[PDB]
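Taking it in order: structure first as structure tokens, then the write-up.
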Ligand SMILES: N[C@@H](Cc1c[nH]c2c(Br)cc(Br)cc12)C(=O)O
Ligand SMILES: N[C@@H](Cc1c[nH]c2c(Br)cc(Br)cc12)C(=O)O
Ligand SMILES: [Fe+3]
Ligand SMILES: [Fe+3]
Ligand SMILES: [Fe+3]
Ligand SMILES: [Fe+3]
Ligand SMILES: [Fe+3]
């Protein structure tokens, strides 16, 4: 059992199962119009800005002298910028519609977006008392699940971007390329964990992908319940 | 000291923090009847970053319907009442003229504004603090949170009831009825403070209880500071209630 080969293999095993979820088969289906495949886009509003705060305030610790924490801090500086990309594509896709303040509040805190809204909350609770090397396991599992989601979402996104000649930033290949280079993974490959640390790392990987699966399930149920609320992008 | 005396100190510490919390300048502003009540409730939209997070805190973080600990069952009952008040907030939001029409992204940018950081993360910090606590320690979190909340809504009810009387409208969040519900407890349930009064704490429990009380009131103080800075930065965005 060399080093953290078992933990990294567990992440790869969870990733292959996560990739086969029915919501991703729907998003990758080029026989369906990309505007209908991005019906789930407004659901990300309950996550994208919570993810910003997760990287700003929960992962990050600008006062610590730990070298592993400083590498985490640099990693969070990049991920904390992507919320503006979400709001950019929100307007481009025609989902930045006008509404009452309370209607926006009821949408974000809707019971149908519970798992989406509480994903970053659960991650922060899990990672509050972890040592920096254990925080990296949380981040690495989170980055792996996110790359799966945006590798699929970029397919209808780039189709709309090309057809409308607009520059998309969130559901786009440029977002995927930044996430692909997400070094934390090099430290994990060279880190030896104790028996207690390895058991905790397995729990981390299981919880992250279980919570991510719950979020994807909410995305699929939203598409079924809002099958007519397709994206409405404009051409340039 | 004695286990009953170590707990007595914690409950006295909550009262000591409450007396200091009551003297914050934001509360002197809200209680000043020489200032228009519409201007004293300028801070009301700031509560949008808290009220619905507080609902989820009571729904999912405090509550645990699978445990057989009777203290946990009393916590669950207590959270069922507090988890209903978010609808009162949205009720008064519309009455005060703060439920304005806007872009979806503009509502998102408001809730996650950096000027509402401490307001938005208060329930988050409470949930992180209360995740691994035993039920009796969770009651200390709840009791401190309820004490700080009562201070805030005792003050907010003064301009709220003035507007309710002048406009003949039924307010539910910034109203005396909200304060009375928080002061009273559910029928047939045992008071949380009474259970705490009869609880003997260990030396380790007293150390955690002091940290809990200090953190809850410090985070509440940070939220109030954001409310005061918001009023100064948005002095013209007064409430606009309508009459009957
Ligand atoms: N690239 C994502 C980060 C991310 C990381 N993990 C994610 C999961 Br699981 C679901 C969703 Br929706 C997003 C993510 C972002 O910038 O918001
Ligand atoms: N009675 C409040 C609960 C509450 C409890 N503690 C609070 C603090 Br500290 C700040 C604010 Br704003 C609200 C609260 C409510 O129903 O939302
Ligand atoms: Fe990203
Ligand atoms: Fe990333
Ligand atoms: Fe309340
Ligand atoms: Fe209460
Ligand atoms: Fe109470």
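All Cβ positions, even for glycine, are placed from backbone atoms using ideal geometry, and neighbour counts span all protein chains on display. Nothing in this text is a laboratory measurement; each read-out follows from the coordinates by a stated rule.
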Notebook entry, point to check: Before we move on, is residue B:17 within 16 Å of ligand 5 (Cβ to nearest atom) and away from every other protein chain (no Cβ under 11 Å)?
Noted result: no
Notebook entry, point to check: If we keep just the residues of the range A:156-183 that are within 16 Å of ligand 4 (Cβ to nearest atom) and in a loop (DSSP other than H, G, I, E, B), which is farthest from the chain's Cα centre (by Cα)?
Noted result: A:183
Next item on the list: Residue by residue through the range B:123-143, note down the ones that are away from ligand 5 (no atom under 13 Å from the Cβ), assigned to a helix (DSSP H, G or I) and within 14 Å of chain A (Cβ to nearest Cβ).
Entry: B:124, B:125, B:126, B:127, B:128, B:129, B:130
Notebook entry, point to check: What is the one condition in (1) within 17 Å of residue B:21 (Cβ to Cβ); (2) within 14 Å of chain A (Cβ to nearest Cβ) that residue B:146 does not satisfy?
Noted result: (2)
Next item on the list: Just name the residue that is nearest to the other protein chains (Cβ to nearest Cβ) out of those in the range B:151-178 that are within 16 Å of ligand 7 (Cβ to nearest atom) and buried (at least 17 other Cβ atoms within 10 Å of the Cβ).
Entry: B:178
